[PDB]
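Fold and geometry: a report
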Amino acid sequence: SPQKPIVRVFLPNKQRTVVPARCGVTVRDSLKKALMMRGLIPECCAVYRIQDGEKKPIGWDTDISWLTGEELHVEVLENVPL
Ligand SMILES: COc1cc(OC)c(/C=C/S(=O)(=O)Cc2ccc(OC)c(NCC(=O)O)c2)c(OC)c1
């Protein structure tokens, strides 16, 4: 059976969108869909994932195919020009 890897990203506002683990693709591109589907932007959003009872912040250049099997969650970095 064709193996399907995904990462379930918990979007802002406690929603979630899953993105198929893209090999050779960064959190940037994968999450780019994730945010954009909600109408949000990866610019003012951060990627975190919970490890041993704690939080580990993720880098946008991180190959998302390592993060397969995990549930992610994005943290809104509110630094708007307001
Ligand atoms: C890899 O194989 C897939 C098969 C799919 O289908 C057969 C979808 C399908 C996606 S989709 O068209 O359902 C848009 C989508 C997906 C998940 C969501 O939450 C978990 C939301 N949440 C939106 C909200 O709640 O605001 C939106 C896929 O997506 C990556 C992957």
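Residues numbered from 1 in each chain as written, not as in the entry; some residues may be left out. Heavy atoms only, no water.

Its PDB header attributes the entry to solution NMR.

**Quick word on the overall build of the protein**
For clarity, the cut-off: Each helix is a run of H or I in the DSSP string that is no shorter than four residues. Each strand is a run of E no shorter than two, and both are numbered from the N terminus. Burial here depends on accessible area, computed with a 1.4 Å probe over protein chains only, as a share of the maximum for the residue type. Under 20% is buried, over 50% is exposed, and the range in between is partly exposed. In this analysis, two residues are considered to be in contact whenever any of their non-hydrogen atoms come within 4.5 Å of each other. Each accessible area value is a Shrake-Rupley result obtained with a 1.4 Å probe; residue values ignore everything except the protein chains displayed when judging cover. Positive charges are assigned to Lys and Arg, negative charges to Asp and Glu, while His and the chain termini are left out of the count. Where a charge lies is defined by one atom per residue type: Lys uses NZ, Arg uses CZ, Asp uses CG and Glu uses CD.
Helices and strands together make up the secondary structure of the protein, namely one helix and five strands. Listing the helices and strands of the protein from first to last along the sequence gives β-β-α-β-β-β. Along the first, second and third principal axes, the C-alpha set of the protein runs to 50 × 30 × 25 Å. Relative to its 82 residues, the protein shows a buried fraction of 29%. Across the protein, the fraction of contacts at a sequence separation of at least 24, relative to all contacts at a separation of at least 6, is 55%. On the protein, roughly 5,600 Å² of surface is accessible, and the fraction owed to carbon and sulfur atoms is 51%. Computed over 12 positive and 10 negative side-chain charges, the separation of the two mean positions in the protein equals 7 Å.

**Points about the packing of aromatic side chains**
Condition: Working definition: rings of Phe, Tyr and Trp (its six-membered ring) pair if their centres are within 6.5 Å, and the pair is stacked with planes under 30 degrees apart, edge-to-face with planes over 60 apart, and tilted otherwise. Any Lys NZ or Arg CZ that is within 6 Å of a ring centre and within 35 degrees of that ring's normal is treated as a charge sitting over the ring.
For the structure shown, the criterion picks out zero aromatic pairs. The aromatic ring of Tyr-48 is capped on one face by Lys-55, whose charged end is 4.6 Å from the ring centroid.

**A few points about the side chain of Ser-30**
Summarising the element assignment, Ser-30 is placed in helix α1 (residues 27–38). Overall, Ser-30 belongs to the buried group, its relative accessible area being 2%. Setting aside its immediate chain neighbours within four residues, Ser-30 contacts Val-19, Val-25 and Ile-64.

**Examining the pairing of strand β1 (residues 6–10)**
Heads up, the rule is: At least two bridges found by DSSP between two strands are what make those strands a pair.
For β1 and strand β2 (residues 17–20), the ladder comprises four bridges, and the chain directions are antiparallel. Pairing of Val-9 across the sheet is with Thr-17, part of β2. Hairpin connection from β1 to β2: six residues lie between these consecutive antiparallel strands, with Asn-13 at a positive phi of about 70 degrees. For β1 and strand β5 (residues 71–76), the ladder comprises three bridges, and the chain directions are parallel. The residue of β5 that forms the bridge with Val-9 is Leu-72.

**Some words on the sheet that holds β2**
Here is the rule: Each axis is a line fitted through C-alpha atoms, and for a helix only the stretch in contact is used; angles between axes span 0 to 180 degrees, taken between their N-to-C directions.
Across the sheet, which stays open at both edges, the five strands sit in the order β2-β1-β5-β3-β4 with mixed pairing between neighbours. Edge positions in the sheet fall to β2 and β4 (55–58), since each of these pairs with one other strand and no more. Neighbour to neighbour, the strand axes of the sheet diverge by 35 degrees on average, direction disregarded.

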